[PDB]
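Asks: Okay, here's the structure, questions in a sec.
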2 protein chains.
Amino acid sequence: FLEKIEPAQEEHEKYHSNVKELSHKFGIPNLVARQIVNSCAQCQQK
Amino acid sequence: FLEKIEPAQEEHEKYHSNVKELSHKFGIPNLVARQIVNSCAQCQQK
Ligand SMILES: [Zn+2]
Ligand SMILES: [Zn+2]
């Protein structure tokens, strides 16, 4: 689970990539990707 | 992703199974399981 999903977490931390970006770039569903963005504080706050 | 994880979502809705239960019962990591409990409103509020 944290094999291919982890690398995606590092991608957001470098370019604040959105869910579609993480999912479309790596392949993880829109939910697993949103978890990365949801974890991001700078992105969490609107 | 929603193949084996889905069935687990229904398990919590029938016995409010904790993360360890969902993960230990089905096999999903502690995170994917916590997502089920986290979604539960009755369990969300402490
Ligand atoms: Zn971000
Ligand atoms: Zn519950």
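Going through the structure tokens in order, the chains are called A, B, and so on, while each chain numbers its residues from 1 and the ligands are numbered from 1 in the order shown.
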Return the neighbours of chain A among the residues of chain B, cut-off 9 Å, counting only C-alpha atoms, as a PyMOL selection string.
Replies: chain B and resi 1+28-29
Asks: Residues of the last selection are to be written out with N, CA, C and O atoms, as a compact mmCIF listing (two decimals), in the first residue's frame.
Replies:
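Written file, again_3.txt:
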# COMPACT_ATOMS: atom_id res chain seq x y z
N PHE B 1 -9.14 -1.05 -5.97
CA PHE B 1 -9.06 -0.37 -4.65
C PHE B 1 -10.37 -0.52 -3.88
O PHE B 1 -10.36 -0.85 -2.69
N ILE B 28 -6.77 -4.90 5.12
CA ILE B 28 -6.41 -3.53 4.75
C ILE B 28 -5.57 -2.88 5.85
O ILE B 28 -5.81 -3.10 7.03
N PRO B 29 -4.56 -2.06 5.48
CA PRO B 29 -3.70 -1.38 6.46
C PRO B 29 -4.52 -0.59 7.48
O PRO B 29 -5.72 -0.40 7.32
Asks: Produce as a list in words the set of residues near ligand 2, where near means within 8 Å with only C-alpha atoms and all ligand atoms considered.
Replies: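 My answer, listing the contacting residues, is residues 12, 13, 15, 16, 17, 18, 37, 40, 41, 42, 43 and 44 of chain B.
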Asks: As a ChimeraX atom specification, please: all residues of chain B that backbone DSSP puts in helix (DSSP H, G or I).
Replies: /B:5-15,19-25,30-39,41-44
Asks: Residues at most 12 Å from residue 4 (chain B), counting only C-alpha atoms, excluding those fewer than 2 positions away in the same chain, as an mmCIF file with C-alpha atoms, in the first residue's frame?
Replies:
data_model
loop_
_atom_site.group_PDB
_atom_site.id
_atom_site.type_symbol
_atom_site.label_atom_id
_atom_site.label_comp_id
_atom_site.auth_asym_id
_atom_site.auth_seq_id
_atom_site.Cartn_x
_atom_site.Cartn_y
_atom_site.Cartn_z
ATOM 1 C CA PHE B 1 -9.062 -0.374 -4.653
ATOM 2 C CA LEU B 2 -12.800 -0.385 -3.920
ATOM 3 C CA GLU B 6 -15.729 -1.773 0.013
ATOM 4 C CA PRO B 7 -16.801 -5.017 1.819
ATOM 5 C CA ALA B 8 -14.954 -3.647 4.848
ATOM 6 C CA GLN B 9 -17.021 -0.459 4.802
ATOM 7 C CA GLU B 10 -20.175 -2.545 5.180
ATOM 8 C CA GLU B 11 -18.648 -4.443 8.106
ATOM 9 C CA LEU B 22 -11.244 -4.023 9.797
ATOM 10 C CA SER B 23 -7.535 -4.450 9.080
ATOM 11 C CA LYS B 25 -10.492 -9.054 9.672
ATOM 12 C CA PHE B 26 -10.007 -8.138 6.008
ATOM 13 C CA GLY B 27 -6.332 -7.211 5.749
ATOM 14 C CA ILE B 28 -6.410 -3.532 4.755
ATOM 15 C CA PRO B 29 -3.704 -1.385 6.458
ATOM 16 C CA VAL B 32 -7.432 2.312 4.889
ATOM 17 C CA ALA B 33 -9.352 0.873 7.838
#
Asks: For ligand 1, which residue out of A:39, A:24, A:46, A:5 is the nearest one, using only C-alpha atoms and all ligand atoms?
Replies: A:39
Asks: Given identical sequences, can you show me chain A least-squares superposed on chain B via all its Cα atoms in order, as an mmCIF file with N, CA, C and O atoms, in the first residue's frame?
Replies:
data_model
loop_
_atom_site.group_PDB
_atom_site.id
_atom_site.type_symbol
_atom_site.label_atom_id
_atom_site.label_comp_id
_atom_site.auth_asym_id
_atom_site.auth_seq_id
_atom_site.Cartn_x
_atom_site.Cartn_y
_atom_site.Cartn_z
ATOM 1 N N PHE A 1 -9.139 -1.050 -5.974
ATOM 2 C CA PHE A 1 -9.063 -0.374 -4.653
ATOM 3 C C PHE A 1 -10.368 -0.523 -3.877
ATOM 4 O O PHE A 1 -10.360 -0.852 -2.691
ATOM 5 N N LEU A 2 -11.487 -0.280 -4.552
ATOM 6 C CA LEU A 2 -12.800 -0.386 -3.920
ATOM 7 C C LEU A 2 -13.372 -1.805 -4.009
ATOM 8 O O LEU A 2 -14.565 -2.009 -3.788
ATOM 9 N N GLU A 3 -12.526 -2.784 -4.329
ATOM 10 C CA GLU A 3 -12.970 -4.168 -4.437
ATOM 11 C C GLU A 3 -13.032 -4.831 -3.063
ATOM 12 O O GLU A 3 -14.096 -5.260 -2.617
ATOM 13 N N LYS A 4 -11.882 -4.916 -2.403
ATOM 14 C CA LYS A 4 -11.799 -5.531 -1.081
ATOM 15 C C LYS A 4 -12.042 -4.512 0.031
ATOM 16 O O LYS A 4 -12.435 -4.877 1.140
ATOM 17 N N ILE A 5 -11.808 -3.236 -0.262
ATOM 18 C CA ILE A 5 -12.005 -2.180 0.726
ATOM 19 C C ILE A 5 -13.491 -1.916 0.965
ATOM 20 O O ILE A 5 -13.904 -1.636 2.090
ATOM 21 N N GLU A 6 -14.291 -2.005 -0.095
ATOM 22 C CA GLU A 6 -15.729 -1.772 0.014
ATOM 23 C C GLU A 6 -16.358 -2.703 1.057
ATOM 24 O O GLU A 6 -16.942 -2.237 2.034
ATOM 25 N N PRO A 7 -16.242 -4.040 0.874
ATOM 26 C CA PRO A 7 -16.800 -5.018 1.819
ATOM 27 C C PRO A 7 -16.507 -4.664 3.275
ATOM 28 O O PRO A 7 -17.302 -4.955 4.168
ATOM 29 N N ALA A 8 -15.356 -4.039 3.506
ATOM 30 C CA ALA A 8 -14.953 -3.648 4.849
ATOM 31 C C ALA A 8 -15.798 -2.485 5.356
ATOM 32 O O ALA A 8 -16.081 -2.386 6.550
ATOM 33 N N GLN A 9 -16.204 -1.611 4.443
ATOM 34 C CA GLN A 9 -17.021 -0.459 4.803
ATOM 35 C C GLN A 9 -18.381 -0.908 5.322
ATOM 36 O O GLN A 9 -18.958 -0.279 6.209
ATOM 37 N N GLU A 10 -18.885 -2.007 4.769
ATOM 38 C CA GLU A 10 -20.175 -2.547 5.181
ATOM 39 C C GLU A 10 -20.066 -3.233 6.539
ATOM 40 O O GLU A 10 -21.031 -3.284 7.298
ATOM 41 N N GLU A 11 -18.880 -3.762 6.839
ATOM 42 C CA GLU A 11 -18.646 -4.443 8.105
ATOM 43 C C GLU A 11 -18.728 -3.468 9.269
ATOM 44 O O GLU A 11 -19.309 -3.781 10.309
ATOM 45 N N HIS A 12 -18.154 -2.279 9.097
ATOM 46 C CA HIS A 12 -18.189 -1.281 10.156
ATOM 47 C C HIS A 12 -19.622 -0.810 10.394
ATOM 48 O O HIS A 12 -20.035 -0.599 11.529
ATOM 49 N N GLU A 13 -20.365 -0.626 9.315
ATOM 50 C CA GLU A 13 -21.743 -0.160 9.409
ATOM 51 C C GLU A 13 -22.649 -1.163 10.132
ATOM 52 O O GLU A 13 -23.785 -0.832 10.471
ATOM 53 N N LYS A 14 -22.171 -2.389 10.349
ATOM 54 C CA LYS A 14 -22.985 -3.405 11.011
ATOM 55 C C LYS A 14 -22.533 -3.687 12.447
ATOM 56 O O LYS A 14 -23.306 -4.223 13.242
ATOM 57 N N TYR A 15 -21.289 -3.350 12.786
ATOM 58 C CA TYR A 15 -20.787 -3.607 14.137
ATOM 59 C C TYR A 15 -19.767 -2.561 14.600
ATOM 60 O O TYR A 15 -19.017 -2.803 15.546
ATOM 61 N N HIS A 16 -19.734 -1.405 13.931
ATOM 62 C CA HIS A 16 -18.796 -0.320 14.263
ATOM 63 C C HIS A 16 -17.393 -0.844 14.590
ATOM 64 O O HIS A 16 -16.749 -0.389 15.534
ATOM 65 N N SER A 17 -16.937 -1.810 13.798
ATOM 66 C CA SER A 17 -15.621 -2.408 13.993
ATOM 67 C C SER A 17 -14.518 -1.354 13.907
ATOM 68 O O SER A 17 -14.538 -0.491 13.029
ATOM 69 N N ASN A 18 -13.558 -1.434 14.823
ATOM 70 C CA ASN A 18 -12.444 -0.491 14.851
ATOM 71 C C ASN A 18 -11.467 -0.772 13.713
ATOM 72 O O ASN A 18 -11.604 -1.764 12.999
ATOM 73 N N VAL A 19 -10.481 0.106 13.547
ATOM 74 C CA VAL A 19 -9.485 -0.051 12.487
ATOM 75 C C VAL A 19 -8.804 -1.416 12.558
ATOM 76 O O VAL A 19 -8.742 -2.139 11.564
ATOM 77 N N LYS A 20 -8.296 -1.760 13.736
ATOM 78 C CA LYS A 20 -7.621 -3.042 13.934
ATOM 79 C C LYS A 20 -8.524 -4.204 13.524
ATOM 80 O O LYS A 20 -8.058 -5.209 12.991
ATOM 81 N N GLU A 21 -9.819 -4.052 13.771
ATOM 82 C CA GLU A 21 -10.788 -5.082 13.423
ATOM 83 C C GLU A 21 -10.928 -5.194 11.909
ATOM 84 O O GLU A 21 -10.872 -6.290 11.350
ATOM 85 N N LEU A 22 -11.102 -4.054 11.249
ATOM 86 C CA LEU A 22 -11.243 -4.023 9.797
ATOM 87 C C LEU A 22 -9.968 -4.515 9.121
ATOM 88 O O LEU A 22 -10.017 -5.272 8.152
ATOM 89 N N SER A 23 -8.827 -4.068 9.635
ATOM 90 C CA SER A 23 -7.534 -4.450 9.080
ATOM 91 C C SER A 23 -7.204 -5.908 9.391
ATOM 92 O O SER A 23 -6.694 -6.632 8.534
ATOM 93 N N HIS A 24 -7.488 -6.329 10.616
ATOM 94 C CA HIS A 24 -7.206 -7.696 11.034
ATOM 95 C C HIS A 24 -8.224 -8.677 10.460
ATOM 96 O O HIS A 24 -7.912 -9.849 10.245
ATOM 97 N N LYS A 25 -9.442 -8.202 10.216
ATOM 98 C CA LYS A 25 -10.491 -9.055 9.672
ATOM 99 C C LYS A 25 -10.342 -9.222 8.163
ATOM 100 O O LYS A 25 -10.410 -10.337 7.643
ATOM 101 N N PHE A 26 -10.151 -8.109 7.461
ATOM 102 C CA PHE A 26 -10.005 -8.138 6.010
ATOM 103 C C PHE A 26 -8.537 -8.196 5.598
ATOM 104 O O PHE A 26 -8.128 -9.083 4.849
ATOM 105 N N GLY A 27 -7.746 -7.245 6.086
ATOM 106 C CA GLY A 27 -6.333 -7.210 5.748
ATOM 107 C C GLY A 27 -5.839 -5.821 5.381
ATOM 108 O O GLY A 27 -4.634 -5.579 5.333
ATOM 109 N N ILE A 28 -6.767 -4.902 5.119
ATOM 110 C CA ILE A 28 -6.411 -3.532 4.755
ATOM 111 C C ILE A 28 -5.567 -2.877 5.847
ATOM 112 O O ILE A 28 -5.809 -3.099 7.031
ATOM 113 N N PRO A 29 -4.562 -2.055 5.478
ATOM 114 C CA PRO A 29 -3.704 -1.385 6.456
ATOM 115 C C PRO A 29 -4.516 -0.594 7.479
ATOM 116 O O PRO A 29 -5.721 -0.402 7.317
ATOM 117 N N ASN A 30 -3.848 -0.148 8.538
ATOM 118 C CA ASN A 30 -4.507 0.609 9.596
ATOM 119 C C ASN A 30 -5.049 1.943 9.091
ATOM 120 O O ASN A 30 -5.941 2.524 9.703
ATOM 121 N N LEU A 31 -4.512 2.436 7.983
ATOM 122 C CA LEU A 31 -4.965 3.705 7.431
ATOM 123 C C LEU A 31 -6.254 3.520 6.635
ATOM 124 O O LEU A 31 -7.240 4.215 6.868
ATOM 125 N N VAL A 32 -6.249 2.577 5.701
ATOM 126 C CA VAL A 32 -7.432 2.313 4.889
ATOM 127 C C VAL A 32 -8.614 1.920 5.775
ATOM 128 O O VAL A 32 -9.765 2.197 5.446
ATOM 129 N N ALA A 33 -8.315 1.285 6.905
ATOM 130 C CA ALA A 33 -9.354 0.873 7.839
ATOM 131 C C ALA A 33 -9.874 2.072 8.623
ATOM 132 O O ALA A 33 -11.079 2.219 8.828
ATOM 133 N N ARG A 34 -8.955 2.927 9.059
ATOM 134 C CA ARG A 34 -9.317 4.113 9.822
ATOM 135 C C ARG A 34 -10.224 5.029 8.998
ATOM 136 O O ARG A 34 -11.056 5.753 9.548
ATOM 137 N N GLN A 35 -10.067 4.980 7.676
ATOM 138 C CA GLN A 35 -10.882 5.793 6.782
ATOM 139 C C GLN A 35 -12.352 5.419 6.931
ATOM 140 O O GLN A 35 -13.237 6.271 6.833
ATOM 141 N N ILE A 36 -12.600 4.137 7.182
ATOM 142 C CA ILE A 36 -13.955 3.638 7.362
ATOM 143 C C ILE A 36 -14.542 4.159 8.671
ATOM 144 O O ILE A 36 -15.670 4.646 8.708
ATOM 145 N N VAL A 37 -13.758 4.062 9.739
ATOM 146 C CA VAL A 37 -14.188 4.533 11.048
ATOM 147 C C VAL A 37 -14.302 6.053 11.052
ATOM 148 O O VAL A 37 -15.220 6.621 11.647
ATOM 149 N N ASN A 38 -13.361 6.704 10.378
ATOM 150 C CA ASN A 38 -13.343 8.158 10.289
ATOM 151 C C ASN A 38 -14.579 8.672 9.557
ATOM 152 O O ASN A 38 -15.064 9.767 9.835
ATOM 153 N N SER A 39 -15.085 7.873 8.624
ATOM 154 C CA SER A 39 -16.267 8.250 7.859
ATOM 155 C C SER A 39 -17.522 8.132 8.719
ATOM 156 O O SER A 39 -18.476 8.892 8.550
ATOM 157 N N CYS A 40 -17.510 7.174 9.641
ATOM 158 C CA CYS A 40 -18.640 6.954 10.533
ATOM 159 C C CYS A 40 -18.862 8.163 11.436
ATOM 160 O O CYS A 40 -17.964 8.573 12.173
ATOM 161 N N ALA A 41 -20.061 8.735 11.371
ATOM 162 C CA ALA A 41 -20.398 9.902 12.181
ATOM 163 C C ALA A 41 -20.521 9.536 13.657
ATOM 164 O O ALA A 41 -19.974 10.220 14.524
ATOM 165 N N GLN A 42 -21.246 8.459 13.938
ATOM 166 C CA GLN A 42 -21.446 8.003 15.310
ATOM 167 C C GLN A 42 -20.114 7.726 16.005
ATOM 168 O O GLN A 42 -20.004 7.841 17.225
ATOM 169 N N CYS A 43 -19.104 7.358 15.221
ATOM 170 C CA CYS A 43 -17.783 7.064 15.763
ATOM 171 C C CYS A 43 -16.876 8.290 15.694
ATOM 172 O O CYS A 43 -15.969 8.448 16.511
ATOM 173 N N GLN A 44 -17.128 9.157 14.715
ATOM 174 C CA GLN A 44 -16.332 10.370 14.538
ATOM 175 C C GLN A 44 -16.341 11.224 15.806
ATOM 176 O O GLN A 44 -15.292 11.659 16.279
ATOM 177 N N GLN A 45 -17.531 11.460 16.346
ATOM 178 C CA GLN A 45 -17.678 12.263 17.555
ATOM 179 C C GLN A 45 -17.277 11.465 18.793
ATOM 180 O O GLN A 45 -17.678 10.313 18.959
ATOM 181 N N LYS A 46 -16.482 12.084 19.658
ATOM 182 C CA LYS A 46 -16.025 11.435 20.881
ATOM 183 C C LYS A 46 -16.835 11.905 22.085
ATOM 184 O O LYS A 46 -17.630 12.856 21.926
#
